[PDB]
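Here is the structure we will look at, set down as structure tokens.
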2 protein chains.
Amino acid sequence: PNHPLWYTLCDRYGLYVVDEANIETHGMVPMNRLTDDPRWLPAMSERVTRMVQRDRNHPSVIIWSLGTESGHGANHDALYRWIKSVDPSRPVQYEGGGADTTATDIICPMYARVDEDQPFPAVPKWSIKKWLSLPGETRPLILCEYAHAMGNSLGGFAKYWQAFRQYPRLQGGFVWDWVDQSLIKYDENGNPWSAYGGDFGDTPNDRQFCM
Amino acid sequence: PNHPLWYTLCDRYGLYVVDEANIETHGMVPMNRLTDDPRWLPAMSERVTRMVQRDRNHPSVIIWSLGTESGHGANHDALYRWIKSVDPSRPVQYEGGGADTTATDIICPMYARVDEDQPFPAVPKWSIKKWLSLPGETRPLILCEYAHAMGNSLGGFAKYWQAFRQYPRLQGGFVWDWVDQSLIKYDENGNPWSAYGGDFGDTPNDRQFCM
Ligand code: NA
Ligand code: NA
Ligand code: NA
Ligand code: NA
């Protein structure tokens, strides 16, 4: 959840907002070790419920998210239903566990490609055009992350937009991401420069991957 | 419906057969002028019902067809239901009126392309990949006619098969068609040659379009 003024500004300027719970457990092995554990349900519930209670009157918020990169666990299913029960006005999405689980109203993959399948075990990223028509599938598809804009990037961006426009149920996506997470450091002359992972002595670090 | 031996040979050699009623009213304006007319329902019904009564014990027949190129009339809907009621063991398909009407269990377009839409008014031919995931659509897609093999042709044939293999609900199609409808004529020396429309003084005619 963002600084509260963010939603007021999106209300007034007009942007659609996905409001997302402060839950990510990417580094767990496997990713759902905590989110499938009922012992972590109370901590998770407060991150979801206290978000909804704060932001539910903002028109700009059109979709709730259960967080990111936390696999798919029983705690997600419980909290998905809680939101559906408490606020039927907004769809609930969540990408973990393969982007099309029982805890999401929207097929919301990250970096699924337009035409090319990436058939990973358990969590495949299907071609977005293919994903829509898998046997029994009827949901809209909106990528929660695509077109990773790291450095000299956005090659192939036009391919996404051609597909978005051609397929009714391909309803867009959210670029990753808006702003480089570089930080200003100063050299011996007091001149500013842009720093990334490791430039503060931080170790282990993931270098430029924050930009 | 074919010569009765055809089905016996398909049973024994092993080919899946679409058995099709002898109904085509292509030259009508509009195409459904007769098939929407209850006056033509008795004549159409006999073409459907007597086919089923004749061929329903052949294992090679896996799908019934209501005919071809006769638009979509109320008579098709009546006869679709008649088959569903009398023989539940076989799907019913019919292409007329846009390939995805209430008179067909299978989306069965003719010459719909792989990636390119042809948005004709009333009866568009969508890209087959796009067609599958149109809002609310759930049926399999099997082209009743595709890859028109006229003369030096079948360009782009590989494109269909890549898509057939990638998409579960794209379950193939029927090439148009098997054999040139050319006829034998003879020159002054008795040498045979291949003839097409117009070569018999037949007029109006559609020339080489029979091959
Ligand atoms: Na779209
Ligand atoms: Na990053
Ligand atoms: Na297929
Ligand atoms: Na022809």
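Following the order of the structure tokens, chains are lettered A, B, ..., residues in each are numbered from 1, and ligands are numbered from 1.
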
Expected answer as a PyMOL selection string: residues within 12 Å of ligand 4, only C-alpha atoms and all ligand atoms: chain B and resi 145+148-151+176-182+196-197+205-211

Residue 167 (chain A) surroundings by only C-alpha atoms, 10 Å radius, close-in-sequence under 5 positions cut, as a PDB file with N, CA and C atoms, in the first residue's frame:
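The result, stored in result-v1.pdb:
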```pdb
ATOM      1  N   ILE A 128       0.686 -15.439 -24.240  1.00  0.00           N
ATOM      2  CA  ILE A 128      -0.531 -14.817 -23.693  1.00  0.00           C
ATOM      3  C   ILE A 128      -1.760 -15.129 -24.555  1.00  0.00           C
ATOM      4  N   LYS A 129      -1.554 -15.252 -25.865  1.00  0.00           N
ATOM      5  CA  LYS A 129      -2.638 -15.570 -26.796  1.00  0.00           C
ATOM      6  C   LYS A 129      -3.132 -17.006 -26.578  1.00  0.00           C
ATOM      7  N   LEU A 132      -5.214 -17.609 -22.965  1.00  0.00           N
ATOM      8  CA  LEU A 132      -6.636 -17.257 -22.948  1.00  0.00           C
ATOM      9  C   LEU A 132      -7.571 -18.410 -23.290  1.00  0.00           C
ATOM     10  N   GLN A 162       0.119  -4.834 -30.381  1.00  0.00           N
ATOM     11  CA  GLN A 162      -0.632  -5.430 -31.484  1.00  0.00           C
ATOM     12  C   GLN A 162      -1.578  -6.532 -30.965  1.00  0.00           C
TER      13      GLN A 162
ATOM     14  N   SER B 127      -8.945 -14.637 -37.121  1.00  0.00           N
ATOM     15  CA  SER B 127      -7.764 -15.453 -36.867  1.00  0.00           C
ATOM     16  C   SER B 127      -8.194 -16.605 -35.954  1.00  0.00           C
ATOM     17  N   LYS B 129      -6.636 -18.442 -33.869  1.00  0.00           N
ATOM     18  CA  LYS B 129      -6.099 -18.268 -32.527  1.00  0.00           C
ATOM     19  C   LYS B 129      -6.947 -17.282 -31.712  1.00  0.00           C
ATOM     20  N   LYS B 130      -7.362 -16.191 -32.353  1.00  0.00           N
ATOM     21  CA  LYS B 130      -8.243 -15.190 -31.737  1.00  0.00           C
ATOM     22  C   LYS B 130      -9.660 -15.725 -31.501  1.00  0.00           C
ATOM     23  N   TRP B 131     -10.153 -16.521 -32.449  1.00  0.00           N
ATOM     24  CA  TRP B 131     -11.539 -17.015 -32.418  1.00  0.00           C
ATOM     25  C   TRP B 131     -11.858 -17.824 -31.155  1.00  0.00           C
ATOM     26  N   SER B 133     -10.790 -17.608 -28.135  1.00  0.00           N
ATOM     27  CA  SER B 133     -10.885 -16.899 -26.856  1.00  0.00           C
ATOM     28  C   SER B 133     -11.771 -15.659 -26.907  1.00  0.00           C
ATOM     29  N   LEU B 134     -12.598 -15.555 -27.940  1.00  0.00           N
ATOM     30  CA  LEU B 134     -13.628 -14.514 -27.956  1.00  0.00           C
ATOM     31  C   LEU B 134     -14.479 -14.638 -26.690  1.00  0.00           C
ATOM     32  N   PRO B 135     -14.893 -13.494 -26.114  1.00  0.00           N
ATOM     33  CA  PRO B 135     -15.635 -13.508 -24.845  1.00  0.00           C
ATOM     34  C   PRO B 135     -16.741 -14.555 -24.848  1.00  0.00           C
TER      35      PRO B 135
END
```

Exercise answer, 6 Å around ligand 3 with only C-alpha atoms and all ligand atoms, as number ranges by chain: B: 164-165, 167-171

With only C-alpha atoms as the counted atoms, please give the residues lying no more than 10 Å from residue 175 (chain A), apart from itself and same-chain residues fewer than 6 positions off, as a PDB file with N, CA, C and O atoms, in the first residue's frame.
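Output (result_37.pdb):
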```pdb
ATOM      1  N   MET A 110       3.568 -12.589 -15.184  1.00  0.00           N
ATOM      2  CA  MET A 110       4.706 -11.687 -15.246  1.00  0.00           C
ATOM      3  C   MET A 110       5.636 -12.172 -16.348  1.00  0.00           C
ATOM      4  O   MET A 110       6.123 -13.300 -16.298  1.00  0.00           O
ATOM      5  N   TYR A 111       5.855 -11.316 -17.344  1.00  0.00           N
ATOM      6  CA  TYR A 111       6.807 -11.561 -18.443  1.00  0.00           C
ATOM      7  C   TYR A 111       6.448 -12.781 -19.295  1.00  0.00           C
ATOM      8  O   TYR A 111       7.322 -13.407 -19.896  1.00  0.00           O
ATOM      9  N   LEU A 143      -1.284  -8.583 -17.825  1.00  0.00           N
ATOM     10  CA  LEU A 143       0.023  -8.874 -17.221  1.00  0.00           C
ATOM     11  C   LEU A 143       0.275  -7.917 -16.061  1.00  0.00           C
ATOM     12  O   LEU A 143       0.171  -6.705 -16.228  1.00  0.00           O
ATOM     13  N   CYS A 144       0.589  -8.451 -14.884  1.00  0.00           N
ATOM     14  CA  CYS A 144       0.910  -7.576 -13.758  1.00  0.00           C
ATOM     15  C   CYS A 144       2.324  -7.005 -13.915  1.00  0.00           C
ATOM     16  O   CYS A 144       2.637  -5.967 -13.342  1.00  0.00           O
ATOM     17  N   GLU A 145       3.145  -7.689 -14.718  1.00  0.00           N
ATOM     18  CA  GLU A 145       4.481  -7.228 -15.105  1.00  0.00           C
ATOM     19  C   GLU A 145       4.833  -7.699 -16.519  1.00  0.00           C
ATOM     20  O   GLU A 145       4.645  -8.865 -16.850  1.00  0.00           O
ATOM     21  N   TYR A 146       5.335  -6.788 -17.350  1.00  0.00           N
ATOM     22  CA  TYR A 146       5.853  -7.158 -18.675  1.00  0.00           C
ATOM     23  C   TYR A 146       6.813  -6.097 -19.187  1.00  0.00           C
ATOM     24  O   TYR A 146       6.891  -5.010 -18.612  1.00  0.00           O
ATOM     25  N   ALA A 147       7.535  -6.421 -20.262  1.00  0.00           N
ATOM     26  CA  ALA A 147       8.441  -5.487 -20.921  1.00  0.00           C
ATOM     27  C   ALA A 147       9.405  -4.876 -19.905  1.00  0.00           C
ATOM     28  O   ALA A 147       9.339  -3.682 -19.594  1.00  0.00           O
ATOM     29  N   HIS A 148      10.281  -5.728 -19.379  1.00  0.00           N
ATOM     30  CA  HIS A 148      11.255  -5.351 -18.364  1.00  0.00           C
ATOM     31  C   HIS A 148      12.199  -4.288 -18.927  1.00  0.00           C
ATOM     32  O   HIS A 148      13.012  -4.576 -19.807  1.00  0.00           O
ATOM     33  N   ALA A 149      12.072  -3.062 -18.416  1.00  0.00           N
ATOM     34  CA  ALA A 149      12.703  -1.875 -19.011  1.00  0.00           C
ATOM     35  C   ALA A 149      14.088  -1.562 -18.449  1.00  0.00           C
ATOM     36  O   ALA A 149      14.430  -0.401 -18.213  1.00  0.00           O
ATOM     37  N   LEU A 154      12.975  -2.602 -23.794  1.00  0.00           N
ATOM     38  CA  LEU A 154      11.676  -2.446 -24.471  1.00  0.00           C
ATOM     39  C   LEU A 154      11.672  -2.907 -25.926  1.00  0.00           C
ATOM     40  O   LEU A 154      10.758  -2.579 -26.682  1.00  0.00           O
ATOM     41  N   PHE A 157       8.231  -4.317 -27.701  1.00  0.00           N
ATOM     42  CA  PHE A 157       7.071  -3.683 -27.053  1.00  0.00           C
ATOM     43  C   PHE A 157       5.856  -3.610 -27.973  1.00  0.00           C
ATOM     44  O   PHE A 157       4.726  -3.805 -27.527  1.00  0.00           O
TER      45      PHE A 157
END
```

Distance query region 43-57 of chain A at most 9 Å, only C-alpha atoms, self and fewer than 4 positions along chain excluded, as a compact mmCIF listing (two decimals) with N, CA and C atoms, in the first residue's frame:
```txt
# COMPACT_ATOMS: atom_id res chain seq x y z
N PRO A 1 0.84 -1.19 0.00
CA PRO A 1 0.00 0.00 0.00
C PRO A 1 0.88 1.24 0.00
N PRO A 4 -0.69 7.60 1.54
CA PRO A 4 -2.13 7.85 1.34
C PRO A 4 -2.48 8.93 0.31
N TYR A 7 -3.29 7.88 -3.63
CA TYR A 7 -4.65 7.52 -4.05
C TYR A 7 -5.53 8.74 -4.29
N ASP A 19 -4.22 -1.82 -6.00
CA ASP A 19 -3.77 -1.68 -4.62
C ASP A 19 -3.35 -3.05 -4.11
N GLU A 20 -2.14 -3.13 -3.59
CA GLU A 20 -1.49 -4.42 -3.35
C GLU A 20 -1.00 -4.56 -1.92
N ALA A 21 -1.33 -5.68 -1.28
CA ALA A 21 -0.91 -5.95 0.09
C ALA A 21 0.62 -6.07 0.20
N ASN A 22 1.16 -5.61 1.32
CA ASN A 22 2.60 -5.67 1.60
C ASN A 22 3.03 -7.10 1.99
N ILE A 23 2.94 -8.01 1.02
CA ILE A 23 3.30 -9.41 1.23
C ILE A 23 4.12 -9.93 0.04
N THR A 35 3.21 -18.78 3.16
CA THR A 35 1.84 -18.47 2.74
C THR A 35 0.93 -19.70 2.72
N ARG A 39 0.11 -20.90 10.47
CA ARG A 39 0.76 -20.10 11.51
C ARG A 39 1.04 -18.66 11.04
N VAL A 61 -8.77 3.05 -7.07
CA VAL A 61 -8.51 1.64 -6.81
C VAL A 61 -9.62 0.83 -7.47
N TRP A 64 -7.89 -5.18 -6.21
CA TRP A 64 -7.03 -5.55 -5.06
C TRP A 64 -6.05 -6.64 -5.46
N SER A 65 -4.82 -6.53 -4.97
CA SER A 65 -3.83 -7.60 -5.14
C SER A 65 -3.39 -8.16 -3.78
N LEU A 66 -3.17 -9.47 -3.74
CA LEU A 66 -2.80 -10.15 -2.49
C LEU A 66 -1.30 -10.09 -2.19
N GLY A 67 -0.57 -9.34 -3.01
CA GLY A 67 0.88 -9.27 -2.88
C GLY A 67 1.52 -9.83 -4.13
N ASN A 75 -3.41 -19.76 2.57
CA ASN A 75 -3.65 -18.43 3.13
C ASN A 75 -4.12 -17.44 2.06
N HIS A 76 -3.61 -17.58 0.83
CA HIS A 76 -4.08 -16.74 -0.28
C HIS A 76 -5.55 -16.99 -0.59
N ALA A 78 -7.92 -18.17 1.45
CA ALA A 78 -8.71 -17.62 2.55
C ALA A 78 -8.90 -16.11 2.41
N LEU A 79 -7.81 -15.40 2.14
CA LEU A 79 -7.83 -13.94 2.04
C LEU A 79 -8.48 -13.43 0.75
N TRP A 82 -12.10 -13.59 1.68
CA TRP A 82 -12.39 -12.48 2.60
C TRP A 82 -12.68 -11.17 1.85
N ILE A 83 -11.84 -10.84 0.87
CA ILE A 83 -12.02 -9.61 0.09
C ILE A 83 -13.30 -9.66 -0.74
N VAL A 86 -16.12 -9.07 1.62
CA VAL A 86 -16.13 -7.74 2.23
C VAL A 86 -16.32 -6.60 1.21
N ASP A 87 -15.79 -6.79 0.01
CA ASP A 87 -15.90 -5.77 -1.03
C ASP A 87 -16.14 -6.43 -2.39
```

Residue 141 (chain B) environment, 6 Å, only C-alpha atoms, sequence neighbours closer than 4 positions dropped, as a list in words: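 In the requested form, the answer reads residues 106, 107, 108 and 170 of chain B.
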
Apply DSSP to the backbone of this structure and, from region 38-208 of chain A, keep only the residues in strand (DSSP E or B); write these as a PDB file with C-alpha atoms, in the first residue's frame.
```pdb
ATOM      1  CA  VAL A  61      -8.508   1.639  -6.805  1.00  0.00           C
ATOM      2  CA  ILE A  62     -10.221  -0.769  -9.212  1.00  0.00           C
ATOM      3  CA  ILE A  63      -8.424  -4.035  -8.309  1.00  0.00           C
ATOM      4  CA  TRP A  64      -7.035  -5.554  -5.064  1.00  0.00           C
ATOM      5  CA  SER A  65      -3.833  -7.596  -5.135  1.00  0.00           C
ATOM      6  CA  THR A  68       3.543 -10.745  -5.117  1.00  0.00           C
ATOM      7  CA  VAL A  92      -9.048  -9.595  -6.734  1.00  0.00           C
ATOM      8  CA  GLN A  93      -5.860 -10.638  -8.477  1.00  0.00           C
ATOM      9  CA  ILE A 107      -4.938 -14.175 -15.415  1.00  0.00           C
ATOM     10  CA  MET A 110       4.706 -11.687 -15.246  1.00  0.00           C
ATOM     11  CA  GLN A 118       7.955 -20.843 -21.730  1.00  0.00           C
ATOM     12  CA  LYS A 125       4.349 -18.900 -18.723  1.00  0.00           C
ATOM     13  CA  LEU A 141      -5.606 -11.584 -19.044  1.00  0.00           C
ATOM     14  CA  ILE A 142      -3.729  -8.507 -17.835  1.00  0.00           C
ATOM     15  CA  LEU A 143       0.023  -8.874 -17.221  1.00  0.00           C
ATOM     16  CA  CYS A 144       0.910  -7.576 -13.758  1.00  0.00           C
ATOM     17  CA  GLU A 145       4.481  -7.228 -15.105  1.00  0.00           C
ATOM     18  CA  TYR A 146       5.853  -7.158 -18.675  1.00  0.00           C
ATOM     19  CA  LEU A 170      -5.974  -9.461 -23.708  1.00  0.00           C
ATOM     20  CA  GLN A 171      -6.600  -6.253 -21.771  1.00  0.00           C
ATOM     21  CA  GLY A 172      -3.093  -4.895 -21.354  1.00  0.00           C
ATOM     22  CA  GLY A 173      -0.535  -4.979 -18.584  1.00  0.00           C
ATOM     23  CA  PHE A 174       1.787  -3.040 -16.307  1.00  0.00           C
ATOM     24  CA  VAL A 175       5.330  -2.300 -17.495  1.00  0.00           C
ATOM     25  CA  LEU A 183      20.651   6.501  -5.268  1.00  0.00           C
ATOM     26  CA  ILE A 184      22.865   9.603  -5.221  1.00  0.00           C
ATOM     27  CA  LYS A 185      26.375   9.287  -3.809  1.00  0.00           C
ATOM     28  CA  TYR A 186      29.039  12.031  -3.897  1.00  0.00           C
ATOM     29  CA  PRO A 192      26.813  13.582  -7.341  1.00  0.00           C
ATOM     30  CA  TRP A 193      26.669  10.224  -9.107  1.00  0.00           C
ATOM     31  CA  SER A 194      24.084   7.447  -9.491  1.00  0.00           C
ATOM     32  CA  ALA A 195      24.680   4.373  -7.350  1.00  0.00           C
TER      33      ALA A 195
END
```

Chain B onto chain A, all Cα, least squares, as a compact mmCIF listing (two decimals) with C-alpha atoms, in the first residue's frame:
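The resulting file, part.txt, is shown below:
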```txt
# COMPACT_ATOMS: atom_id res chain seq x y z
CA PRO B 1 0.08 0.01 0.02
CA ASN B 2 1.35 3.48 -0.89
CA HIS B 3 1.58 6.81 0.92
CA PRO B 4 -2.09 7.84 1.38
CA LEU B 5 -1.76 10.96 -0.80
CA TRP B 6 -0.99 8.74 -3.83
CA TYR B 7 -4.62 7.53 -4.03
CA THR B 8 -6.01 11.05 -3.62
CA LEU B 9 -3.86 12.17 -6.56
CA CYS B 10 -4.93 9.15 -8.64
CA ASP B 11 -8.63 9.87 -7.86
CA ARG B 12 -8.26 13.50 -9.00
CA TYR B 13 -5.85 13.19 -11.97
CA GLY B 14 -7.43 9.90 -13.15
CA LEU B 15 -5.38 6.71 -13.05
CA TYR B 16 -6.65 3.17 -12.51
CA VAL B 17 -4.91 1.72 -9.43
CA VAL B 18 -4.05 -1.83 -8.42
CA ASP B 19 -3.70 -1.62 -4.64
CA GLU B 20 -1.42 -4.37 -3.37
CA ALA B 21 -0.93 -5.95 0.08
CA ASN B 22 2.56 -5.71 1.58
CA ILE B 23 3.29 -9.46 1.21
CA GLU B 24 6.24 -10.91 -0.66
CA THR B 25 8.10 -14.03 0.42
CA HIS B 26 10.19 -14.53 -2.75
CA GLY B 27 13.29 -15.87 -1.03
CA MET B 28 11.46 -18.76 0.68
CA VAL B 29 12.05 -22.35 -0.56
CA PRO B 30 9.58 -23.24 -1.92
CA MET B 31 8.01 -19.82 -2.50
CA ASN B 32 4.78 -20.76 -0.64
CA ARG B 33 6.46 -22.08 2.52
CA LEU B 34 4.93 -19.33 4.70
CA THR B 35 1.74 -18.62 2.74
CA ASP B 36 0.60 -22.24 2.94
CA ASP B 37 1.29 -22.27 6.69
CA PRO B 38 -1.76 -21.43 8.90
CA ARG B 39 0.70 -20.05 11.49
CA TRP B 40 1.41 -17.15 9.11
CA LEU B 41 -2.28 -16.57 8.27
CA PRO B 42 -2.86 -13.99 11.04
CA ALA B 43 0.15 -11.88 9.93
CA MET B 44 -0.81 -12.12 6.24
CA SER B 45 -4.48 -11.37 6.98
CA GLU B 46 -3.63 -8.05 8.67
CA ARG B 47 -1.64 -6.99 5.62
CA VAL B 48 -4.70 -7.60 3.44
CA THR B 49 -7.57 -6.57 5.74
CA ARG B 50 -5.99 -3.31 6.97
CA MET B 51 -5.23 -2.23 3.38
CA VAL B 52 -8.87 -2.76 2.39
CA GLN B 53 -10.14 -0.96 5.52
CA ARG B 54 -7.90 2.00 4.65
CA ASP B 55 -8.32 2.38 0.88
CA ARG B 56 -11.75 0.95 -0.02
CA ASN B 57 -13.36 4.38 -0.56
CA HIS B 58 -10.92 5.50 -3.29
CA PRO B 59 -12.51 5.34 -6.76
CA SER B 60 -9.05 5.09 -8.39
CA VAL B 61 -8.52 1.69 -6.74
CA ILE B 62 -10.26 -0.71 -9.14
CA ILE B 63 -8.46 -4.00 -8.33
CA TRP B 64 -7.11 -5.55 -5.11
CA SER B 65 -3.90 -7.57 -5.11
CA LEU B 66 -2.90 -10.17 -2.51
CA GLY B 67 0.79 -9.29 -2.89
CA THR B 68 3.49 -10.75 -5.12
CA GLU B 69 5.94 -13.65 -5.45
CA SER B 70 4.79 -15.69 -2.48
CA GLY B 71 3.83 -18.83 -4.39
CA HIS B 72 0.26 -20.00 -3.88
CA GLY B 73 -0.73 -21.05 -0.35
CA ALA B 74 -4.04 -21.82 1.36
CA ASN B 75 -3.71 -18.44 3.11
CA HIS B 76 -4.09 -16.69 -0.29
CA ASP B 77 -7.35 -18.60 -0.93
CA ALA B 78 -8.73 -17.59 2.49
CA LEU B 79 -7.84 -13.93 1.95
CA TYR B 80 -9.08 -13.90 -1.66
CA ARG B 81 -12.48 -14.99 -0.30
CA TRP B 82 -12.34 -12.48 2.57
CA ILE B 83 -12.05 -9.62 0.03
CA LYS B 84 -14.75 -11.05 -2.30
CA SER B 85 -17.09 -11.15 0.71
CA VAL B 86 -16.20 -7.74 2.22
CA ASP B 87 -15.86 -5.74 -1.02
CA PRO B 88 -17.71 -7.17 -4.06
CA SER B 89 -17.12 -3.93 -6.03
CA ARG B 90 -13.51 -4.78 -7.05
CA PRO B 91 -11.88 -7.85 -8.68
CA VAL B 92 -9.06 -9.56 -6.78
CA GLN B 93 -5.87 -10.61 -8.53
CA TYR B 94 -2.71 -12.45 -7.53
CA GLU B 95 0.09 -13.85 -9.72
CA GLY B 96 1.79 -16.41 -7.44
CA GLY B 97 1.64 -20.13 -8.20
CA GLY B 98 1.31 -19.75 -11.98
CA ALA B 99 -0.81 -16.60 -12.57
CA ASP B 100 -4.12 -18.43 -13.01
CA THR B 101 -4.85 -20.02 -9.60
CA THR B 102 -8.17 -20.06 -7.71
CA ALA B 103 -6.94 -16.95 -5.87
CA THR B 104 -7.22 -14.66 -8.91
CA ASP B 105 -10.09 -13.20 -10.97
CA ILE B 106 -7.61 -12.14 -13.67
CA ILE B 107 -4.89 -14.13 -15.41
CA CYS B 108 -2.04 -11.88 -14.40
CA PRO B 109 1.30 -13.29 -15.55
CA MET B 110 4.72 -11.67 -15.20
CA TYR B 111 6.83 -11.55 -18.40
CA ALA B 112 4.76 -14.09 -20.33
CA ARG B 113 5.60 -13.53 -23.98
CA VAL B 114 3.23 -12.77 -26.85
CA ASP B 115 3.78 -15.80 -29.12
CA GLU B 116 6.48 -17.85 -27.41
CA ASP B 117 5.68 -20.36 -24.63
CA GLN B 118 7.97 -20.79 -21.65
CA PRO B 119 6.83 -24.16 -20.29
CA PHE B 120 8.46 -24.12 -16.84
CA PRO B 121 7.50 -27.08 -14.65
CA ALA B 122 4.56 -26.33 -12.30
CA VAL B 123 4.38 -22.61 -13.15
CA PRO B 124 4.67 -22.27 -16.95
CA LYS B 125 4.44 -18.90 -18.71
CA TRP B 126 2.29 -19.57 -21.77
CA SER B 127 2.16 -17.28 -24.76
CA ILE B 128 -0.53 -14.81 -23.65
CA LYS B 129 -2.56 -15.53 -26.80
CA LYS B 130 -2.42 -19.28 -26.03
CA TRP B 131 -3.15 -18.79 -22.31
CA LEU B 132 -6.60 -17.28 -22.90
CA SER B 133 -7.97 -20.35 -24.69
CA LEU B 134 -6.52 -23.15 -22.58
CA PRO B 135 -9.28 -25.77 -22.05
CA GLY B 136 -11.88 -24.36 -19.65
CA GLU B 137 -10.21 -20.94 -19.30
CA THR B 138 -12.54 -17.91 -19.49
CA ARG B 139 -10.93 -15.04 -17.50
CA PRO B 140 -9.37 -11.80 -18.84
CA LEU B 141 -5.57 -11.60 -19.02
CA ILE B 142 -3.73 -8.50 -17.82
CA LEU B 143 0.02 -8.85 -17.26
CA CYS B 144 0.90 -7.57 -13.80
CA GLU B 145 4.49 -7.20 -15.11
CA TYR B 146 5.82 -7.15 -18.67
CA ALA B 147 8.37 -5.42 -20.93
CA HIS B 148 11.20 -5.31 -18.37
CA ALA B 149 12.68 -1.85 -18.99
CA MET B 150 16.19 -2.53 -17.69
CA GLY B 151 18.83 -0.35 -19.37
CA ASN B 152 18.64 -0.37 -23.15
CA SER B 153 15.37 -2.27 -23.37
CA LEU B 154 11.68 -2.46 -24.41
CA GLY B 155 12.56 -4.35 -27.60
CA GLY B 156 9.43 -6.07 -28.90
CA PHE B 157 7.12 -3.67 -27.04
CA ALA B 158 5.01 -3.14 -30.20
CA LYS B 159 4.36 -6.90 -30.35
CA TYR B 160 2.42 -6.73 -27.04
CA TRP B 161 0.25 -3.82 -28.24
CA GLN B 162 -0.66 -5.44 -31.56
CA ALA B 163 -1.88 -8.46 -29.55
CA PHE B 164 -3.64 -6.33 -26.91
CA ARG B 165 -5.56 -4.63 -29.74
CA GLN B 166 -6.38 -7.83 -31.66
CA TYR B 167 -7.60 -9.95 -28.73
CA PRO B 168 -10.60 -8.73 -26.69
CA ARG B 169 -9.60 -10.71 -23.55
CA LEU B 170 -6.00 -9.45 -23.67
CA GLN B 171 -6.71 -6.25 -21.77
CA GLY B 172 -3.15 -4.97 -21.40
CA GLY B 173 -0.57 -4.94 -18.61
CA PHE B 174 1.75 -3.05 -16.27
CA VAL B 175 5.27 -2.28 -17.52
CA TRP B 176 8.13 -3.14 -15.16
CA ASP B 177 8.80 -0.47 -14.15
CA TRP B 178 8.45 3.31 -13.77
CA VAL B 179 11.64 4.62 -12.15
CA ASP B 180 15.28 3.48 -11.72
CA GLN B 181 15.99 2.68 -8.06
CA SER B 182 19.39 4.38 -8.20
CA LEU B 183 20.76 6.32 -5.22
CA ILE B 184 22.95 9.42 -5.07
CA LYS B 185 26.56 9.26 -3.85
CA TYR B 186 29.23 11.97 -4.10
CA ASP B 187 32.85 12.03 -5.25
CA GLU B 188 35.73 13.92 -3.54
CA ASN B 189 34.66 17.17 -5.25
CA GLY B 190 31.03 16.81 -4.12
CA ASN B 191 29.80 15.83 -7.59
CA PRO B 192 26.76 13.52 -7.34
CA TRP B 193 26.64 10.14 -9.10
CA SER B 194 24.08 7.34 -9.52
CA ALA B 195 24.73 4.26 -7.40
CA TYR B 196 23.28 0.77 -7.48
CA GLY B 197 23.60 -2.48 -5.51
CA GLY B 198 26.98 -2.98 -3.87
CA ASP B 199 27.98 0.70 -4.01
CA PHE B 200 27.33 1.14 -0.26
CA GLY B 201 29.44 -1.87 0.78
CA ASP B 202 26.20 -3.86 0.93
CA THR B 203 26.89 -7.57 0.37
CA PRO B 204 25.51 -9.85 -0.91
CA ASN B 205 23.85 -7.55 -3.46
CA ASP B 206 22.23 -7.71 -6.90
CA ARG B 207 24.11 -4.84 -8.54
CA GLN B 208 22.30 -2.94 -11.31
CA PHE B 209 19.14 -5.10 -11.11
CA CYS B 210 17.43 -2.35 -9.07
CA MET B 211 17.39 -0.14 -12.18
```

Pull the helix (DSSP H, G or I) assignments for chain A out of DSSP run on the backbone, and list those residues as JSON, numbers by chain. {"A": [4, 5, 6, 7, 8, 9, 10, 11, 12, 13, 38, 39, 40, 41, 42, 43, 44, 45, 46, 47, 48, 49, 50, 51, 52, 53, 54, 55, 74, 75, 76, 77, 78, 79, 80, 81, 82, 83, 84, 85, 86, 128, 129, 130, 131, 132, 157, 158, 159, 160, 161, 162, 163, 164, 165, 166, 207, 208, 209, 210]}
